[PDB]
Amino acid sequence: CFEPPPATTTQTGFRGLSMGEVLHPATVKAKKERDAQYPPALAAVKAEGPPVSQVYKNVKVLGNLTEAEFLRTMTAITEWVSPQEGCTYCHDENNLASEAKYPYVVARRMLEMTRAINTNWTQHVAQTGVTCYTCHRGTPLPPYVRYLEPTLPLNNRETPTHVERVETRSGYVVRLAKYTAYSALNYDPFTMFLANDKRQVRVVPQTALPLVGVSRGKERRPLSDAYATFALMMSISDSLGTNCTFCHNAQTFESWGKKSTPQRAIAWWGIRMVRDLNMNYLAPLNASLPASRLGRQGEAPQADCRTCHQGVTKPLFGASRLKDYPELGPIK
Amino acid sequence: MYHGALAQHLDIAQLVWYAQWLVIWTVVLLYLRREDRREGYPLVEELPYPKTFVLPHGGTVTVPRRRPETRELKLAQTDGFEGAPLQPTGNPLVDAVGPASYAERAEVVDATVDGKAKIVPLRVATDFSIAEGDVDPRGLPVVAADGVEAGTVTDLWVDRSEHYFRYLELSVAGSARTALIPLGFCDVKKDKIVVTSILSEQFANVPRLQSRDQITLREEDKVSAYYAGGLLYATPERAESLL
Amino acid sequence: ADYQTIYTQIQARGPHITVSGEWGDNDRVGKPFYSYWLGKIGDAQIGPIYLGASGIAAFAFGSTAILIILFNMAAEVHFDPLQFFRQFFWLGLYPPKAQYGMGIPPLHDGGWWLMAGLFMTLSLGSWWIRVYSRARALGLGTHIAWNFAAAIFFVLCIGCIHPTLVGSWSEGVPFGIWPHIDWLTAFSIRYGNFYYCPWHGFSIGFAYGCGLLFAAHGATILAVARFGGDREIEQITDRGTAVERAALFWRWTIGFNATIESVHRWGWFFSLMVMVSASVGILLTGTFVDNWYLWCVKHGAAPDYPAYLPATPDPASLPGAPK
Amino acid sequence: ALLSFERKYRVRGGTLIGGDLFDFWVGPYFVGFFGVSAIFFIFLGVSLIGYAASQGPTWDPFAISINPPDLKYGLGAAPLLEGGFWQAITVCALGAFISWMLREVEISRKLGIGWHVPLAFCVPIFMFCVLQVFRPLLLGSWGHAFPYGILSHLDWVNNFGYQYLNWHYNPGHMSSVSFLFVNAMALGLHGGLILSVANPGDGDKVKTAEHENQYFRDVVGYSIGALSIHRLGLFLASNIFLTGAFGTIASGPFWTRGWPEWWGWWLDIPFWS
Ligand code: BCB
Ligand code: BCB
Ligand code: BCB
Ligand SMILES: C/C=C1/c2cc3[nH]c4c(c3C)C(=O)[C@H](C(=O)OC)c4c3nc(cc4[nH]c(cc(n2)[C@@H]1C)c(C(C)=O)c4C)[C@@H](C)[C@@H]3CCC(=O)OC/C=C(\C)CCC[C@H](C)CCC[C@H](C)CCCC(C)C
Ligand SMILES: CC(C)=CCC/C(C)=C/CC/C(C)=C/CC/C(C)=C/CC/C(C)=C/CC/C(C)=C/CC/C(C)=C/CC1=C(C)C(=O)c2ccccc2C1=O
Ligand code: HEC
Ligand code: HEC
Ligand code: HEC
Ligand code: HEC
Ligand SMILES: [Fe+2]
C-alpha cells in the first residue's frame, strides 16, 4: 500500500515551484543492479590485416573491419542477443556464411539499424549510444516490445494470466491501463503516436483567443485528442520512471523557453527516433519473421520508449560502449 | 480574426471580469451588509427599511425591537478610556450581567405548530418517554463543582416540536423549591449529574419560573444565562488569568 | 464543557408529527422507525418519504439513464461479472471520439452517451420540480430550489451547453468514476491550465468560503447551544442572548458581524456563486477564450520565474528538424 | 460605538494571561495579550513581505511571489534574498494565526460560550502546518513548501499535483474533494431551509420547526434536526483538511510513484488478475 522513507528528490525548476523527480531509493537501487549486468567491453584487438569482405564470403555490412575485429563484433553480439544459445542461434553450424536461419537476415538489418541510431540520431542518443544490449538485455526477443494492441505483462519474461492474454477480451482496459500508468484514459498512445507519423501530439492552442474558421464544428480537433496526448505522456512518464516536471513546467505545458527543460527537447527527438525505427526498420521485418513472433494483425514487434529506458531516464544509467565498439557507429 | 475580441485591446472575457467583481461587491456592501444591520442598530454611546415578521400563532413583530422599558445594569466603569471594561457593582449572577445577562425576549410560551406549549415537563407530556438504552436521571443526585450534593433530579423537560430534551428540573435541598438547568451544563452519568458551572450554594438563587408546568422565552434565557454566568463568577479565581 | 454539542446524552421518544401541506398529504408513504444510534448524533426518526408525480419521474428517468450507462460498462469488459466488480472504477460510457460537429453521433461512438444524458437531464428536472413544489406546498420559500437550479445549470453548462456553443459533443463529460475525473485534465490542458481562468478562482474561493462559513457558523451555533441557539427561527423574530453572544464574539474578533438571519444569507449566496462562477467560467471557455494562461500572459497577470535549467528552444523551429 | 445590546456584556475577565493590563477594547475589536501578539506578528510579516516585494522585479499584485529556498539549503537558514524572507514570513504567519486563535479563546471565555470556533480554527492552522512544515521536514528541505504569490501559489499546486502524474487518483484527495462539494452542498440546503421558513412569501405566515423537518422528510425521506446539522457542518467542513492532509503528507515521504498506480492493490489481486 505504501513506501517507507527517506525519499530521494531533485530540483528541475526555480525554488518553490515544486518541479523535480521523486525517487524511492530502494527502487533506484533495484534498477542499477539490473542494468549493471551489462557485459564489459571485450579488449581491443589487432588493427592490421585484410578486410573481411575479402576474407569472408557473405559480409554485406561489416566488410571494412579486419577479421580479428570482425569476430569480436560476433562474440559481443552473441553476448548481448543470444548468449544462452550461442553462435548457432543465427548461423548454420556447418556453414557460417549461410542465411538458412531467420535470425541471420534479421541480425543483418538490425546491425544496420544500430549503426543508424548512433549516426543519424545523436540529437537523442548523444555520445552515450545504443548497442544490441540496450533493447535485448541477453535474449533474442527483448523484454519490452509493442504490438498494434496492448499486451500484458509489459515484460515478456513473465507468464501472462488468462485475462492478461490478448485473446481474452475482458482484460482489455486493464491491458490499456497499465500502459498508461494505471489510468482510465481510453486510448492507445503507442499505435497512435509512435507506430507511425500520422498524428500530431500538440493540442493546446498557441494563442489566447480562438482562431476563426477552426474553433467551431467539424473544423475542430475533438477533445479526444487531448485525452490521447495525456495518455502518451503518462506512458512516457512511466516508461522513463519519472514525472511531468522533469520535462515541463505545469504552469504551461505547451510553452518552451524557460517553461521546458533540456530533457524535453531530448524527449522530442526520441519521438522522431522511435517513429523512424518502427516504420523503416522494425514493422517491415514481418516478412522476415515466423508467425509465432507476429501479432494478431501480422505485425512485427516494435519498440517504445520503455524498450530502451526500462524505467530509467538514461538507459543503463548512461552506460556507454561507443568507443569500445566503433563499428556500431557513428559512421563517417 | 478571433472569436471574442473587440475594439482597442479589449475582449469579451475582460469585460465580464469587471462585471463579476461589481455584482459581487454590489451584493456584499448594498445587500448582505445591510441585512446584518437589522439587529443592534443604530449604535449607542445606511440603515434598512424595517422588516416585519407575521407570526405563526397570531400577531406581528417588526425588528429590531424597541422595548418600552430599559433595564438597569448594575455595573461600573473601570477607567476613563472610551473602551474600558465594566466591573460588577452588586452580585453579578442574580443581577444577570456579563455572561449572566439575559435578552429581553417576549414573556410568551414557545408554541408547537398546532398550538400547544413547546417546552414542557414529562409529567405533562404523557405521550413522551426516554428511549430504551439511555439513562433516566429522575431521582439521581445532582452534584456541583465543589463536590457537594445540590439536590435531586425530579423531572425532564422535553421539546415536543423536535422531540429533544432541553432541561433538567431538580429540587434544591434545604430551599423546598425546584430549579431548571439546561442539559448543556449536565454531564449525565448512570448514578449522578455533574454541574461544574455553579457551586452548591448558588442553586438556591436560580431564576424562579412564574408557572410550574410552563416556561416563557425570557425565562429560558434567564435560567440559561445564570449557569453561563457562573462559569466566570462561581469563585473569585474563575475571573482572573489562568497563567 | 458541553457534551450535548458532541452528542445527544438523553433521547426523547414520542408520537410522530405531520405538517399538512396544501396537497399530497395522501402521497406520504411508509411507516417511520427509530434508530437509537442515529439518535445520538441526529434525529432518530427515519421516514416517511413523499412520492408525487415529479418524484416517480425523477426515478423513472434517473434509473433509465443509469441502466443505459451500466449496460455499456458491462459491454466494455465483455460481460464478465468479476471483471465488472474489479475494473468498475475504470469503466465508462464515453462521448464521441470522432468529430461529428453537433450532428447526432452513432450509438457505437457517443450515441448512447447523449441518450444517457437526456434521461439524466429529465431526472434532474423532475427532482427540481419536487424540491420546488414541496416548498410551496408546506408554505415555504423557494430559496432551496433556486440554489439547486444554479447547480443544475452548471451540469447543463458542462453537459450540453458548452459542447453546443463550440459545436462538438466530444467536449462533454464521460460517465464513470475515473473517466469523468480524467475529463478534468483533458479539458484544462486543451484550454490552457484552468489555474489561469479567473472564474475558476472565484469558484474555488467561494467553495473555500463555504468551508470556512459552515465551519465557523457550525462552531458558533454549537458554542451557544446552552442558550438554545439552535432554535434559529425564533432567534430571528425574538432576539435571544444566544445570538447576542454570537454577533459580539465575531464583532470583537473581526470588527463586524451578521444577524442570525443574514448569516444564512451569506452561506446561501456563497454556495450559489460556486456554481454561478463555475458556470460563468465555462460559458467563456472555447467560445471567447482558448488558452487561459496566454489570456493571463496577454493581460499581464501570469507570474514569471527565472530559469533553473537553461532556456530550451522549441526543437520544431531548428533548421532541418523533422515534422 | 456599541451595539444596542452590547454594553451589558463588556465585562472584565476571560483573559488567559495578562490580567487587567491587556483586557480592553479598541473600537469594536477586543484586544487581550493575543490581540497584541497578533498585531506584532502581522506587522512584522507584512513589513517583511513589503521589503521582499520591492527587491523583486514587479509590483503588480498578481505576479509578485516570495519563494522558498532551493533544495540544497535543506532545513538550514537560507539567504534572506534567496529564500530567507520566505522563512522569516512563515514564522510571522504561524505566530499571528495561533495568536488569532488563542485570542478567540479569551473572547469565548468572557461571553461564557463554548470554545468551538477557535477549536474549529485550528483545523486550518493544522493544514497550513501540513504544507509549510511537516511535509518539508518529511522530505528534507524547506524548498518543498508553496511560494507566497496570488497566482504563483497555484503554479506550485499544479507542479505538486503533476509530480505524481494524476493527483485526482489520490485517495486522500478524493476524500478531501468530496467533503468540499458536500459541505458547499450542505450549506445552501441549511441556508435555504432557514430562509424558506422565515421568508415564505406574500402575506404568508412564518412557519415552525416542524415545517423544516417535514420538508426534508418529504423530499429526501429523512430530517437531521436543527442542532445536528450545525454539528454536521463543522464536521463536513473540518474533514476537508483532516482527510486531505493524509493525501498530501503521503505523497513523497510514503509514496513516490504515481497515484493511479496506487490502486493496483485493488487491481492486481491474483484471483481476478
Ligand atoms: C487539471 C485539473 C484542474 C481542474 C479542472 C476543472 C474543470 C474543467 C472545471 C473545474 C471546476 C471547479 N474546480 Mg477545478 N479545482 C478546484 C475546484 C473546482 C470547483 C470549485 C469548480 C466547480 C466544480 C464543482 O464544484 O463540481 C461539483 C458539483 C457539481 C459537478 C454539480 C452537481 C450538482 C447536480 C445538481 C447533482 C446531480 C447528481 C444526481 C443525483 C446524479 C444522478 C445521475 C444519474 C442520472 C446517472 C480546487 C479547489 C482545485 C485545487 C485546490 O487544486 C482545482 C484544480 C483543478 N480543477 C485543476 C486546475 N475544475 C468547474 C468550474 O468551476 O469551471 C471553471 C469546472 O467546470
Ligand atoms: C493545495 C492548496 C493550496 C491553495 C490552492 C488554491 C487554488 C486552486 C485557488 C486558490 C485561490 C486562493 N487562495 Mg489558495 N491560499 C490562500 C489564499 C487564496 C486566495 C488568494 C484565493 C481565494 C481563496 C478564497 O477566497 O478562500 C475563502 C476565503 C475568503 C473568501 C475570505 C476572504 C479572503 C481573501 C480573498 C484572501 C486574500 C489573501 C491576500 C493574498 C492577502 C494576504 C494578506 C496580506 C494583506 C498580508 C491563503 C491565504 C493560503 C494560506 C495562508 O495557506 C492559501 C493556500 C493554498 N491555496 C494552498 C497552498 N488557492 C483561488 C485563486 O483564484 O487564487 C488566485 C484559487 O483558484
Ligand atoms: C495538478 C493539480 C491537482 C490538485 C493538486 C492539489 C495538491 C498538491 C493538494 C491539493 C489539495 C486539495 N485540493 Mg486539489 N482539487 C480540489 C480541491 C482540493 C482541496 C479540497 C484540497 C485541500 C486544499 C487545502 O489543503 O487548502 C489549504 C488552505 C489553507 C490551509 C488555508 C489557510 C488559511 C490560514 C489559516 C489563514 C490565512 C489568513 C490570511 C493571511 C488573512 C488575510 C487577512 C485579510 C482577509 C484581512 C478540487 C475540488 C479539484 C477539482 C474539482 O478538480 C482539485 C484538483 C487538483 N488538485 C488537481 C488534480 N490539491 C490539498 C490536499 O488536501 O491534498 C490531498 C493538497 O495538498
Ligand atoms: C474547513 C476549515 C475552513 C476554515 C475555517 C475557519 N477559518 C477561520 C475561522 C474558522 C473556524 C476563524 O475563527 C477565523 C476568522 O476570523 O473568521 C473570519 C478564520 C479565518 N479564515 C481566514 C482565511 C482563510 N480561511 C480559509 C479556509 C478555511 N477556513 C477552511 C475552508 C482560506 C483558504 C481556503 O484559502 C483563507 C484565505 C481569515 C479571514 C481568518 C484568520 C485570519 C487571521 O489569522 O488573523 C490574523 C492575520 C492577519 C490579519 C493576516 C496575517 C498576515 C501574515 C502574518 C503574513 C501572510 C503570510 C501568508 C502565508 C501569505 C499567503 C498569501 C498567498 C496564499 C497569496
Ligand atoms: C485598529 C487596531 C490596530 C485595533 C487593534 C485590535 C486588534 C488586534 C484588531 C484586529 C486587527 C485585524 C487584523 C483585523 C482583521 C479582521 C479580519 C479577520 C478580517 C477578515 C474578515 C473576513 C474576510 C471574513 C470572511 C468570512 C465572511 C464572508 C464573513 C461575512 C459574514 C460574517 C460576518 C460571518 C460571521 C458570523 C457567523 C459565521 C455566524 O454563524 C453568525 C451567527 C449568528 C449571528 C451572527 C453571526 C456572524 O456574524
Ligand atoms: C545473430 C544474432 C548472429 C550471431 C549470434 C552471430 N552472428 Fe555471425 N553473422 C551474423 C550476420 C548478420 C553476418 C553477416 C554480417 C554482415 O556484416 O553482413 C554474420 C557473419 C559471420 C561470419 C562470416 C561468414 C561468411 O561470410 O563466410 C562469420 C565467420 C561469423 N559471422 C562468425 C560468428 C561467430 C564465431 C559467432 C559466435 C561467436 C557469431 N558469428 C554470432 C549474425 C550473427
Ligand atoms: C532496440 C532499439 C533494438 C536494438 C538496439 C537491437 N534490436 Fe534486435 N530486435 C528488436 C526488435 C523490436 C526485434 C523484433 C522482435 C523479435 O525478436 O522478433 C528484434 C529482433 C532481433 C532478432 C530476432 C530474434 C528472434 O525473433 O528470434 C535478432 C537475431 C536481433 N534482433 C539481433 C540484433 C542485433 C545483432 C542487434 C545489434 C547489432 C540488435 N538486435 C539490436 C530491437 C532491437
Ligand atoms: C519528458 C520526458 C516529458 C515528460 C516527463 C512529460 N512530457 Fe509532456 N511533452 C513532452 C514532449 C517532447 C512534447 C511535445 C511532443 C511533440 O511532438 O509535439 C510534450 C507535449 C505535451 C503536451 C502538449 C503541449 C502542446 O504543445 O500543446 C501536453 C498537454 C503534455 N505534454 C502533458 C504532459 C503530462 C500530463 C505529463 C505527465 C503525465 C507529461 N507531459 C510528461 C515531453 C514530456
Ligand atoms: C533506445 C533506442 C531509446 C529509445 C527507444 C528512446 N530513448 Fe531516450 N535515451 C536513450 C539514450 C541512449 C539516452 C542517453 C543520452 C543522454 O542524454 O545521455 C537517452 C536519453 C533520454 C532523455 C534525457 C535524459 C537525461 O538527460 O537525463 C530523455 C528525456 C529521453 N531519452 C526521452 C525519451 C522518450 C520520451 C522516448 C520515447 C518517445 C525515448 N527517450 C526513446 C535511448 C532511447
Ligand atoms: Fe444555522
# chains A, B, ... in the order shown; residues from 1 in each chain; ligands from 1

call {"tool": "interface_residues", "arguments": {"of": "chain A", "to": "chain D", "cutoff": "8 Å", "atoms": "only C-alpha atoms", "output": "PyMOL selection string"}}
result
chain A and resi 1-7+9-11+14-24+161+163-164+181-183+234+237+243-245+249-251

call {"tool": "interface_residues", "arguments": {"of": "chain B", "to": "chain D", "cutoff": "7 Å", "atoms": "only C-alpha atoms", "output": "PyMOL selection string"}}
result
chain B and resi 40-45+54-56+73+83-87+97-99+101+113+161+228-229+231+239-243

call {"tool": "atom_distance", "arguments": {"atom1": "CA of residue 274 in chain A", "atom2": "atom 7 (N, counted along the ligand's line) of ligand 7"}}
result
12.4 Å

call {"tool": "residues_around", "arguments": {"residues": "residue 184 in chain C", "least_positions_apart": "3", "cutoff": "12 Å", "atoms": "only C-alpha atoms", "output": "number ranges by chain"}}
result
A: 185, 223, 226-227, 230; C: 158, 171-174, 177-181, 187-191, 193-194; D: 166-169

call {"tool": "write_last_selection", "arguments": {"atoms": "C-alpha atoms", "output": "JSON list (two decimals), in the first residue's frame"}}
result
[["chain", "number", "residue", "atom", "x", "y", "z"],
["A", 185, "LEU", "CA", -7.62, 7.07, -20.40],
["A", 223, "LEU", "CA", -11.46, 16.73, -27.14],
["A", 226, "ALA", "CA", -6.24, 15.97, -25.57],
["A", 227, "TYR", "CA", -7.02, 12.68, -23.78],
["A", 230, "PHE", "CA", -2.10, 12.88, -21.98],
["C", 158, "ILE", "CA", -20.56, 21.29, -18.80],
["C", 171, "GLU", "CA", -16.28, 18.04, -25.34],
["C", 172, "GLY", "CA", -18.87, 16.54, -22.94],
["C", 173, "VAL", "CA", -18.09, 14.71, -19.68],
["C", 174, "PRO", "CA", -17.99, 10.90, -19.72],
["C", 177, "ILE", "CA", -15.67, 7.12, -11.86],
["C", 178, "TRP", "CA", -12.10, 7.60, -13.16],
["C", 179, "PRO", "CA", -13.33, 8.59, -16.66],
["C", 180, "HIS", "CA", -15.28, 11.75, -15.59],
["C", 181, "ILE", "CA", -12.20, 12.62, -13.49],
["C", 187, "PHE", "CA", -10.45, 19.86, -20.61],
["C", 188, "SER", "CA", -7.93, 22.01, -18.67],
["C", 189, "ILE", "CA", -4.92, 21.15, -20.90],
["C", 190, "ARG", "CA", -6.90, 21.79, -24.10],
["C", 191, "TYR", "CA", -7.83, 25.26, -22.79],
["C", 193, "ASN", "CA", -4.41, 25.49, -17.44],
["C", 194, "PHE", "CA", -7.63, 26.25, -15.56],
["D", 166, "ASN", "CA", -2.66, 12.47, -11.82],
["D", 167, "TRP", "CA", -3.45, 13.83, -8.38],
["D", 168, "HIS", "CA", -7.20, 13.07, -8.69],
["D", 169, "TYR", "CA", -6.42, 9.39, -8.28]]

call {"tool": "interface_residues", "arguments": {"of": "chain B", "to": "chain C", "cutoff": "6 Å", "atoms": "only C-alpha atoms", "output": "MDAnalysis selection string"}}
result
chainID B and resid 3:4 35:36 102:103 105 127:131 134 163:164 184 224

call {"tool": "residues_around", "arguments": {"residues": "range 147-150 of chain A", "least_positions_apart": "6", "cutoff": "9 Å", "atoms": "only C-alpha atoms", "output": "VMD selection string"}}
result
chain A and resid 166 172 175 to 176 179 188 190 to 191 195 294 to 297 299 to 303

call {"tool": "closest_atom_pairs", "arguments": {"of": "chain A", "to": "ligand 6", "cutoff": "7 Å", "atoms": "only C-alpha atoms and all ligand atoms", "output": "JSON lines"}}
result
{"residue": "A:56", "atom": "CA", "partner": "ligand 6", "partner_atom_place_in_ligand_line": "27 (O)", "distance": 4.1}
{"residue": "A:57", "atom": "CA", "partner": "ligand 6", "partner_atom_place_in_ligand_line": "26 (O)", "distance": 3.9}
{"residue": "A:58", "atom": "CA", "partner": "ligand 6", "partner_atom_place_in_ligand_line": "26 (O)", "distance": 3.2}
{"residue": "A:59", "atom": "CA", "partner": "ligand 6", "partner_atom_place_in_ligand_line": "18 (O)", "distance": 3.7}
{"residue": "A:60", "atom": "CA", "partner": "ligand 6", "partner_atom_place_in_ligand_line": "18 (O)", "distance": 3.7}
{"residue": "A:61", "atom": "CA", "partner": "ligand 6", "partner_atom_place_in_ligand_line": "17 (O)", "distance": 3.4}
{"residue": "A:62", "atom": "CA", "partner": "ligand 6", "partner_atom_place_in_ligand_line": "17 (O)", "distance": 3.7}
{"residue": "A:63", "atom": "CA", "partner": "ligand 6", "partner_atom_place_in_ligand_line": "17 (O)", "distance": 6.2}
{"residue": "A:71", "atom": "CA", "partner": "ligand 6", "partner_atom_place_in_ligand_line": "32 (C)", "distance": 6.0}
{"residue": "A:74", "atom": "CA", "partner": "ligand 6", "partner_atom_place_in_ligand_line": "39 (C)", "distance": 4.3}
{"residue": "A:75", "atom": "CA", "partner": "ligand 6", "partner_atom_place_in_ligand_line": "38 (C)", "distance": 4.3}
{"residue": "A:77", "atom": "CA", "partner": "ligand 6", "partner_atom_place_in_ligand_line": "5 (C)", "distance": 5.8}
{"residue": "A:78", "atom": "CA", "partner": "ligand 6", "partner_atom_place_in_ligand_line": "5 (C)", "distance": 4.2}
{"residue": "A:81", "atom": "CA", "partner": "ligand 6", "partner_atom_place_in_ligand_line": "2 (C)", "distance": 6.0}
{"residue": "A:82", "atom": "CA", "partner": "ligand 6", "partner_atom_place_in_ligand_line": "5 (C)", "distance": 5.8}
{"residue": "A:86", "atom": "CA", "partner": "ligand 6", "partner_atom_place_in_ligand_line": "37 (C)", "distance": 6.1}
{"residue": "A:87", "atom": "CA", "partner": "ligand 6", "partner_atom_place_in_ligand_line": "37 (C)", "distance": 3.7}
{"residue": "A:88", "atom": "CA", "partner": "ligand 6", "partner_atom_place_in_ligand_line": "5 (C)", "distance": 6.8}
{"residue": "A:89", "atom": "CA", "partner": "ligand 6", "partner_atom_place_in_ligand_line": "5 (C)", "distance": 5.7}
{"residue": "A:90", "atom": "CA", "partner": "ligand 6", "partner_atom_place_in_ligand_line": "1 (C)", "distance": 4.4}
{"residue": "A:91", "atom": "CA", "partner": "ligand 6", "partner_atom_place_in_ligand_line": "7 (N)", "distance": 6.4}
{"residue": "A:96", "atom": "CA", "partner": "ligand 6", "partner_atom_place_in_ligand_line": "24 (C)", "distance": 4.7}
{"residue": "A:97", "atom": "CA", "partner": "ligand 6", "partner_atom_place_in_ligand_line": "25 (C)", "distance": 3.6}
{"residue": "A:103", "atom": "CA", "partner": "ligand 6", "partner_atom_place_in_ligand_line": "1 (C)", "distance": 5.6}
{"residue": "A:104", "atom": "CA", "partner": "ligand 6", "partner_atom_place_in_ligand_line": "42 (C)", "distance": 4.8}
{"residue": "A:105", "atom": "CA", "partner": "ligand 6", "partner_atom_place_in_ligand_line": "12 (C)", "distance": 5.9}
{"residue": "A:107", "atom": "CA", "partner": "ligand 6", "partner_atom_place_in_ligand_line": "12 (C)", "distance": 4.4}
{"residue": "A:108", "atom": "CA", "partner": "ligand 6", "partner_atom_place_in_ligand_line": "12 (C)", "distance": 3.7}
{"residue": "A:111", "atom": "CA", "partner": "ligand 6", "partner_atom_place_in_ligand_line": "12 (C)", "distance": 6.8}

call {"tool": "closest_residue", "arguments": {"among": "C:192, C:267, C:62, C:141", "to": "chain A", "atoms": "only C-alpha atoms"}}
result
C:192

call {"tool": "residues_near_ligand", "arguments": {"ligand": "ligand 9", "cutoff": "9 Å", "atoms": "only C-alpha atoms and all ligand atoms", "output": "PyMOL selection string"}}
result
chain A and resi 114+117-118+122-131+134-135+193-194+232-233+235-237+239-240+246-247+262-275+277+303-309+312-320

call {"tool": "interface_residues", "arguments": {"of": "chain A", "to": "chain B", "cutoff": "12 Å", "atoms": "only C-alpha atoms", "output": "list in words"}}
result
residues 207, 208, 209, 210, 211, 212, 213, 214, 215 and 216 of chain A

call {"tool": "write_last_selection", "arguments": {"atoms": "C-alpha atoms", "output": "mmCIF file, in the first residue's frame"}}
result
data_model
loop_
_atom_site.group_PDB
_atom_site.id
_atom_site.type_symbol
_atom_site.label_atom_id
_atom_site.label_comp_id
_atom_site.auth_asym_id
_atom_site.auth_seq_id
_atom_site.Cartn_x
_atom_site.Cartn_y
_atom_site.Cartn_z
ATOM 1 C CA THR A 207 -2.985 31.994 -28.792
ATOM 2 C CA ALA A 208 -5.202 33.438 -26.062
ATOM 3 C CA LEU A 209 -8.235 33.730 -28.343
ATOM 4 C CA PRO A 210 -9.777 31.129 -30.708
ATOM 5 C CA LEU A 211 -8.679 31.393 -34.350
ATOM 6 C CA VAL A 212 -11.704 31.901 -36.617
ATOM 7 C CA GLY A 213 -12.534 29.046 -39.006
ATOM 8 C CA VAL A 214 -11.005 26.290 -36.810
ATOM 9 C CA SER A 215 -12.775 26.974 -33.459
ATOM 10 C CA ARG A 216 -16.290 25.721 -34.353
#

call {"tool": "closest_residue", "arguments": {"among": "C:119, C:276, C:114, C:77", "to": "chain A", "atoms": "only C-alpha atoms"}}
result
C:77

call {"tool": "atom_distance", "arguments": {"atom1": "CA of residue 278 in chain C", "atom2": "CA of residue 200 in chain C"}}
result
6.2 Å

call {"tool": "atom_distance", "arguments": {"atom1": "CA of residue 152 in chain A", "atom2": "atom 15 (C, counted along the ligand's line) of ligand 8"}}
result
26.1 Å

call {"tool": "closest_residue", "arguments": {"among": "D:63, D:245, D:132, D:181", "to": "chain C", "atoms": "only C-alpha atoms"}}
result
D:63

call {"tool": "closest_residue", "arguments": {"among": "D:216, D:134, D:43, D:59", "to": "ligand 4", "atoms": "only C-alpha atoms and all ligand atoms"}}
result
D:43

call {"tool": "residues_near_ligand", "arguments": {"ligand": "ligand 10", "cutoff": "10 Å", "atoms": "only C-alpha atoms and all ligand atoms", "output": "MDAnalysis selection string"}}
result
(chainID C and resid 214 217:218 220:222 229:233 260:261 263:264 267) or (chainID D and resid 187 190:191 193:195 226:227 229:230 233)

call {"tool": "closest_residue", "arguments": {"among": "D:37, D:238, D:228, D:248", "to": "ligand 4", "atoms": "only C-alpha atoms and all ligand atoms"}}
result
D:238

call {"tool": "decode", "arguments": {"residues": "range 107-120 of chain B", "atoms": "N, CA and C atoms", "output": "tab-separated table (two decimals), in the first residue's frame"}}
result
chain	number	residue	atom	x	y	z
B	107	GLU	N	-42.44	37.63	27.00
B	107	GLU	CA	-42.94	36.83	28.11
B	107	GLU	C	-44.11	35.98	27.61
B	108	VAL	N	-43.83	35.17	26.61
B	108	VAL	CA	-44.80	34.29	26.00
B	108	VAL	C	-44.18	32.90	25.89
B	109	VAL	N	-45.02	31.88	25.96
B	109	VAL	CA	-44.57	30.49	25.90
B	109	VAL	C	-44.35	30.05	24.44
B	110	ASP	N	-43.22	29.40	24.17
B	110	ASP	CA	-42.93	28.90	22.82
B	110	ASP	C	-43.95	27.82	22.46
B	111	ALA	N	-44.38	27.82	21.20
B	111	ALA	CA	-45.60	27.11	20.78
B	111	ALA	C	-45.41	26.10	19.63
B	112	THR	N	-45.85	24.86	19.86
B	112	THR	CA	-45.86	23.83	18.81
B	112	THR	C	-46.73	24.30	17.62
B	113	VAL	N	-46.56	23.68	16.46
B	113	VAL	CA	-47.31	24.07	15.25
B	113	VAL	C	-48.82	24.11	15.46
B	114	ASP	N	-49.35	23.12	16.17
B	114	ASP	CA	-50.79	23.01	16.41
B	114	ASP	C	-51.31	23.98	17.49
B	115	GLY	N	-50.43	24.43	18.38
B	115	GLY	CA	-50.79	25.44	19.39
B	115	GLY	C	-50.20	25.19	20.77
B	116	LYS	N	-49.94	23.92	21.08
B	116	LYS	CA	-49.57	23.52	22.44
B	116	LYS	C	-48.23	24.10	22.91
B	117	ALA	N	-48.01	24.09	24.22
B	117	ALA	CA	-46.75	24.53	24.79
B	117	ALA	C	-45.62	23.65	24.29
B	118	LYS	N	-44.55	24.27	23.79
B	118	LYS	CA	-43.43	23.52	23.19
B	118	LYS	C	-42.57	22.84	24.24
B	119	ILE	N	-41.98	23.64	25.13
B	119	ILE	CA	-41.12	23.12	26.19
B	119	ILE	C	-41.97	22.89	27.46
B	120	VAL	N	-42.15	21.62	27.82
B	120	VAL	CA	-42.93	21.21	28.99
B	120	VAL	C	-42.34	19.96	29.65
